[PDB]
Amino acid sequence: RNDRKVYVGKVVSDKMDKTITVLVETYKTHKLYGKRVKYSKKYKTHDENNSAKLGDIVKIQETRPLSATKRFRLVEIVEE
Amino acid sequence: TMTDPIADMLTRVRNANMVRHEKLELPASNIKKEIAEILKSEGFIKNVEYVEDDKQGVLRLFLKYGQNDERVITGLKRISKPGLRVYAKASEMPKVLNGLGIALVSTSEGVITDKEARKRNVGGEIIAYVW
Amino acid sequence: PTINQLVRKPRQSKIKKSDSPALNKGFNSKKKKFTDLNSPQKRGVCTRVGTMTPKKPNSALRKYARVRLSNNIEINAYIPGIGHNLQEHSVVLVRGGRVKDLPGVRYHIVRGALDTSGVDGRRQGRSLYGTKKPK
Amino acid sequence: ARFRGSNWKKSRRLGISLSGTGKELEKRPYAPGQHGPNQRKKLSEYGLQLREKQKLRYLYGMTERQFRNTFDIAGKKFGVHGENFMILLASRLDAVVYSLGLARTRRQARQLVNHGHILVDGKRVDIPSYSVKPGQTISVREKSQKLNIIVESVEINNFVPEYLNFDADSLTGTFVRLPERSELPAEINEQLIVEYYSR
Amino acid sequence: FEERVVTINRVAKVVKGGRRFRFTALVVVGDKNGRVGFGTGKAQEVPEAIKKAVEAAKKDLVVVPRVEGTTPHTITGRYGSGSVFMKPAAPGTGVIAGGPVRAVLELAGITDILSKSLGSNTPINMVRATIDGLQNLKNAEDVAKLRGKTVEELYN
RNA sequence: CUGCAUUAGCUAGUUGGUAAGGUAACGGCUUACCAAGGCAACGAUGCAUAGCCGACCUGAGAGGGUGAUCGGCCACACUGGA
RNA sequence: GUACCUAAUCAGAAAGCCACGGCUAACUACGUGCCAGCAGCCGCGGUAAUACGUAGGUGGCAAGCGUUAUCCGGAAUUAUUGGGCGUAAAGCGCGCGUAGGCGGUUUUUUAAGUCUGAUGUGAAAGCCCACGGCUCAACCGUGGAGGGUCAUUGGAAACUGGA
RNA sequence: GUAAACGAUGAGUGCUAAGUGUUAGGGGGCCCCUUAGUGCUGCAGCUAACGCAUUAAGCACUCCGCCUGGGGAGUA
RNA sequence: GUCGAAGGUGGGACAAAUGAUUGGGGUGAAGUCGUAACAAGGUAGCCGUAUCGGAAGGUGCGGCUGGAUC
Ligand SMILES: [Mg+2]
Ligand SMILES: [Mg+2]
Ligand SMILES: [Mg+2]
Ligand SMILES: [Mg+2]
Ligand SMILES: [Mg+2]
Ligand SMILES: [Mg+2]
């Protein structure tokens, strides 16, 4: 029933075995001056088969803790 | 280089109004044409013509002066800018000069005035103030 | 500045200094250190008592005391009113408020508190000088 | 009352007969004090605002704190701030009793209500600050129905405002509706008081 | 026409021996029905300075559009470094203004308004800024005529 | 959701994997082996300060300041470990 | 045996604090004489001081009134709202350039920003509005209203962003 | 690696009366028009004033650098 | 037997207080020496740099007008 958060982002490093780090980009607004400013957050997600490669735009979903800092799992590779 | 054609058009109008010129030729664009048509409909300018020439096209505005040569356009102010963009909700639409002026707005229902935005209950990017 | 400049380096307000620094500091004897506590008055002991000549254009012999406060800070405190019964080792209460004429005197001694006696013969604005109602 | 000073000196200061008779201003319409006579100085705007505020306050025999609180609540009421403040001042039990005429003086009415000779809707009210509202009735205590002071005051057929309906036979008044500015004294410029409390 | 003396100032011109002192009077004149003006007068004595200032003010008057005792819309009058922001209020608000601005507004007859002097507080430039704002005020009927429409069309 | 760059490098169980143990529970939580990863000018690391919040004071507002009483959450019980 | 109610006696027990040169409401006399002293700032005091001390009078408050300390305001004096940089403080001595910021005209498309609904939630108490109860008020209770940069979900496509 | 390194005036872009000199060009009949500089005078507008004014200090938009009373001190 | 608080030893880091003596800074008077700047300030001044001199300053080189009578 209840679904879990899903994010789409580019892969910025895959040197780890079966792990890819996904860079999700957002635009937070300055609380006083109101301007839109870029915000990048790197997500450590599980890559079981090493299918994802550095550069491709992938989709990840939140899971239970899988490692010290891995909390997400790769769902599909939207683009490459 | 050029960074805000809407601001350039408003400043052309302001300078021509100051010098009490009659007409005004500026490079054309769809947003500029809609702004000019709104100005004509509201009564701040006398007329608008479009010249579909080569390149970009041209907008030819004809300004309106009241009796005693009084200027109908008191002032134009760019509100949303490339360096900082301003949007407003329907319930937060501003009243220019307590209602005596118009705020040109860009909405999902076309670029309209603040009166129309409030009536249709929509918001959008507040392009400019004209009073 | 541009909005981008303000986002990159936001505006910074001027910092305000207190006019009575010695009242804003306590002393913890066990840890032998100072602490930041705001007090309206502090007790002290008159290390010295005497008179000072005001800066020009004024001329007078203004009565003052060098006082070591409970927080171990040594300050100069003006003695208000006509006549005082203070000498070295007198225990006095000190409040804020500088005397413009006296350069280094930034505090006042409360009258009618601890050792300091009320002004004798004062009848108008007595509370400011610690004098009981004569009746 | 709480203020027990020379009401004549206060009237002379403020240039108004707080009692309404005019006795204070008849002979010496100038200010009290050594410099009272031969006074010719001109008041600043702040002085004028202060004088207007003090006129209203001493007219209604209130203290500064309660006066300010009443001004605040009047400002919180819908309408014109000054007019609302004046009508609320009128709606006080002291003012209502004085207007009904159960006493000749505002201070006398205050002392009567303070000592409890009055009843609102048939119940005792000792607090002159009590705020009456339309549809209420002001009566007199049975043990005090035949007091010399009250009967003497009722004898003098004083004018009864339109917002009050009084029957002297029963010593019973009714607060019909809220007053209006015309009914309220015109010697007060409420705008000056509003500006005073603005600054 | 009611008249109020805003400020009286003792100015001095230096001469070979001593100084020459003169009195300058700044005065505001208004009928309290939408007409207000200001003037300055110089004389050796304040009564004559005031009289000259009153004459100048009566010579120079401006018409202040109003709406039930308040201005048609908010305006910021500017002159030199003077700057006065003025905003319509509701009945019973009072005139929330300080210094010469209050004199100008009261003599123009405005009884309910909010204002703030944002610039120089020198009385003459304060008055000039206030007068500039009042001159630049606009009224619904006149703006409708200028734009070739009706009041109802103007408000939609 | 805080100040400092007159703090620019930090990290080696550290980052990931395989296996095992362990716990109510996932997980470097721990331990062996394989690789060299991981964080950081979008401010890491370091230093200084601080219980957090509902709220409270102030201001026309935007904001600025505060975190008594009362309620929620966290932490602690002479200091440290079990 | 507290509140409260009933009956009797007496104006009799129950007023002080600061200020009065401008700001800032309130001025005269005497004493002192750049001394004694005052002072928030400008300053006041050297012999006729509304500024010192006392007196009378006056002003503001009142069971409080003043002083001190601290915060916000006034301060547009860090300026988003809402300031500036020729001479008042402020354009790097000047290039080449990375990141970032921003970006010319038209069409199609997307719906991240933007706009508009629904649903959940944003405890209670508190601020605000209304009502009700203590003789009134503070206070107490009830019902509203508001508070998100919140989350899911359906719609719009001018503008910014992607194709 | 600093100068009163100055126009004590950051860069880019567009718009807003005119008169007149000069440098390098271009087009049309000694004259007219025009592009890019370099000077002087001068409206509107701006400025506290002085002044600026199509080579803005005017009207606007983008980015950068810089200021927040004097001294201590461009010092420790 | 593993882990393990406290403790011990060692070389570093950081912070605060204090220290013979010493450097310039401010303040205070009616002190001493000169007179550098403001007028053509009596050698126009000022900016950077070098050097010299009790001191202000002088001189050299370049720069500015925020100087220049006739
Ligand atoms: Mg702590
Ligand atoms: Mg400068
Ligand atoms: Mg330069
Ligand atoms: Mg010389
Ligand atoms: Mg010389
Ligand atoms: Mg030499």
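In what follows, every heavy atom counts, from backbone to side chain, and hydrogens, waters and symmetry copies are set aside. Each chain gets a letter, A, B and so on, in the order its sequence line appears, and its residues count up from 1.
Nucleotide G:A76 carries a south sugar pucker, as its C1'-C2'-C3'-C4' torsion angle is negative. Nucleotide G:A25 carries a north-puckered sugar, as indicated by a positive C1'-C2'-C3'-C4' torsion. The pentose of H:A18 is categorized as north (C3'-endo side) on the basis of a positive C1'-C2'-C3'-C4' torsion. The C1'-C2'-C3'-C4' torsion of F:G43 is negative. Its sugar is therefore classed as south. Judged by the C1'-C2'-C3'-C4' torsion, the sugar of F:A25 sits on the north side, since the angle is positive.
No donor-acceptor contact under 3.5 Å links the side chain of B:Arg85 to the base of G:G161. For H:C59, its base never sits under 3.5 Å from the side chain of B:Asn17 at any donor and acceptor pair. Side chain C:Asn4 to base G:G100: no donor-acceptor pair is found below 3.5 Å. Between the side chain of B:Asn30 and the base of G:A158, no donor-acceptor pair under 3.5 Å is found. For a distance-only test at 3.5 Å, the side chain of B:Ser106 qualifies as a donor-acceptor partner of the base of G:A158. The base of G:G113 sits within donor-acceptor range of the side chain of B:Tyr87, with an N or O pair under 3.5 Å. At a cut-off of 3.5 angstrom, the base of G:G161 holds no donor-acceptor pair with the side chain of A:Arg36.
Residue-environment remark: CZ (C:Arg43) stays at or below the threshold of 12 foreign heavy atoms within 6.0 Å.
At a threshold of 4.5 Å between non-hydrogen side-chain atoms, the residues B:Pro27 and B:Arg12 count as touching. Side-chain contact between A:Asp47 and A:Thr19 is absent, with no heavy atoms from C-beta onward closer than 4.5 Å.
With a 3.5 Å ceiling on both atom-pair distances, H:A3 lacks any Watson-Crick or G-U wobble partner. Both distances falling under 3.5 Å, in either a Watson-Crick or a G-U wobble arrangement, place G:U119 opposite G:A151. Shown here, G:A29 forms a base pair with G:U54; the pair counts as Watson-Crick or G-U wobble because both key distances fall under 3.5 Å. In this structure, G:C85 forms a base pair with H:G65, meeting either the Watson-Crick or the G-U wobble geometry with both donor-acceptor distances under 3.5 Å.
Evaluated for a side-chain hydrogen bond (donor to acceptor under 3.5 Å, both in side chains) with D:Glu64, the options D:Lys53, D:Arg57, D:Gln54 yield exactly one hit, D:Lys53. Shown are C:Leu93, C:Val92, C:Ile75, C:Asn71; of these, the side-chain contact (heavy atoms from CB on, under 4.5 Å) with C:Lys42 is made only by C:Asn71.
The groove contacted by B:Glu125 is the minor one, as judged by side-chain heavy atoms lying under 5.0 Å from base atoms lining that groove. Residue B:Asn15 reaches into the minor groove of the paired bases (side-chain heavy atom under 5.0 Å from a minor-groove atom; none near the major groove).
The same atom, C1', is picked in F:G67 and in G:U67; the two are 29 Å apart, to the nearest Å. Atom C1' of H:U47 sits at a distance of 15 Å from the matching atom of G:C85, rounded to the whole Å. Comparing F:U49 with F:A55, their P atoms sit 31 Å apart, to the nearest whole Å. Remark: the separation of the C1' atoms in I:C70 and I:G53 is 38 Å, to the nearest Å.
For the pair G:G117 and G:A118, the rule of 5.5 Å between ring centres and 30° between base planes classifies them as stacked. Neighbouring residues F:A40 and F:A41 fail the stacking criterion, which requires the centres of their six-membered base rings to lie under 5.5 Å apart and the ring planes to differ by under 30°.
Within the 4.0 Å cut-off from OP1 or OP2 of G:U70, at least one side-chain nitrogen or oxygen of C:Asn24 is found. Between C:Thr2 and H:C64 there is a side-chain N or O to OP1 or OP2 distance below 4.0 Å. Within the structure, every side-chain polar atom (N or O) of C:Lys135 is placed at least 4.0 Å from both OP1 and OP2 of G:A15. Residue A:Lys44 has a polar side-chain atom (N or O) positioned under 4.0 Å from OP1 or OP2 of F:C39. OP1 or OP2 of F:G38 has at least one side-chain nitrogen or oxygen of A:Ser13 nearer than 4.0 Å. In terms of phosphate contacts, C:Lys14 brings no side-chain nitrogen or oxygen within less than 4.0 Å of OP1 or OP2 of G:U77. Checking the phosphate oxygens (OP1, OP2) of G:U160, no side-chain nitrogen or oxygen of B:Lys81 falls inside 4.0 Å. An OP1 or OP2 oxygen of G:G57 is reached within less than 4.0 angstrom by no side-chain nitrogen or oxygen of D:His35. Between D:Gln54 and the phosphate of G:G60, there is a side-chain N or O to OP1/OP2 separation shorter than 4.0 Å. Put simply, C:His108 has no side-chain N or O that comes within less than 4.0 Å of OP1 or OP2 on G:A39. Listed pair C:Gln5 / H:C66 fails the phosphate criterion, with no side-chain N or O lying under 4.0 Å from OP1 or OP2. A close approach under 4.0 Å does occur between a side-chain nitrogen or oxygen of D:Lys9 and OP1 or OP2 of G:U58. Applying the 4.0 Å criterion to OP1 and OP2 of I:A30, one finds that C:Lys56 has every side-chain N and O outside that range. One finds no side-chain N or O of C:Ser18 lying less than 4.0 angstrom from the OP1 or OP2 phosphate oxygen of G:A69.
Both B:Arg78 and B:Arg12 lie near RNA chain H, and the one whose nearest nucleotide falls closer to the 5' end is B:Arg12. Toward the 5′ end of RNA chain H lies the nearest nucleotide of B:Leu84, the other residue of the pair B:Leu84 and C:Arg11 mapping further downstream. Both D:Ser129 and C:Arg8 sit near RNA chain G, but only C:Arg8 has its closest nucleotide nearer the 5' end. Position along RNA chain G of the nearest nucleotide to D:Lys143 versus D:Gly33 favours D:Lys143 as the more 5'-ward residue.
Pairing check for G:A19 against G:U58: the Watson-Crick or wobble criterion is satisfied, both distances under 3.5 Å. A canonical Watson-Crick or G-U wobble pair links F:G9 to F:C39, with each of its two hydrogen-bond distances shorter than 3.5 Å. Under the 3.5 Å cutoff applied to both distances, G:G43 and G:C38 qualify as a Watson-Crick or G-U wobble pair. Base pair annotation for G:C159 with G:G113: paired, by the Watson-Crick or G-U wobble rule (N1-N3 plus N6-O4 or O6-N4, or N1-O2 plus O6-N3, under 3.5 Å).
Taking CG of D:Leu14 as the start and CG of D:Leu50 as the end, the distance is 9.0 Å to the nearest 0.5 Å.
When the P atom of G:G100 is taken as reference, atom CD of A:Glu25 falls 10 Å away, rounded to whole Å. As a whole-Å value, the separation of A:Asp47 CG from F:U15 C1' is 15 Å. Spacing between atom CD of B:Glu34 and atom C1' of G:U105 amounts to 14 Å, rounded to whole angstrom units.
Proximity of a side-chain donor or acceptor of A:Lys42 to a complementary backbone N or O of A:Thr21 within less than 3.5 Å is not detected.
D:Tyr30 carries D:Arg12 over the face of its six-membered ring, with the cationic atom under 6.0 Å from the centre and within 45° of the normal.
Contacts of B:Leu26 with the nucleic acid, taken as non-hydrogen atoms under 4.0 Å apart, are absent. Backbone-only engagement by A:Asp17 is indicated by non-hydrogen atom pairs under 4.0 Å involving sugar-phosphate atoms exclusively. Using a 4.0 Å heavy-atom distance criterion, D:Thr63 is classed as a sugar-phosphate-only contact. Residue A:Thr69 is classed as a sugar-phosphate contact, given heavy-atom separations below 4.0 Å to backbone atoms only.
Distances from the side chain of C:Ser59 to the nucleotides G:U68, G:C35, F:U15 place G:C35 closest.
A salt bridge links D:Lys55 and D:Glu52; the closest N-O separation between the charged side-chain nitrogens and carboxylate oxygens is under 4.0 Å.
With ring centers used as reference points, C:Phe27 lies under 6.0 Å from C:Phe34.
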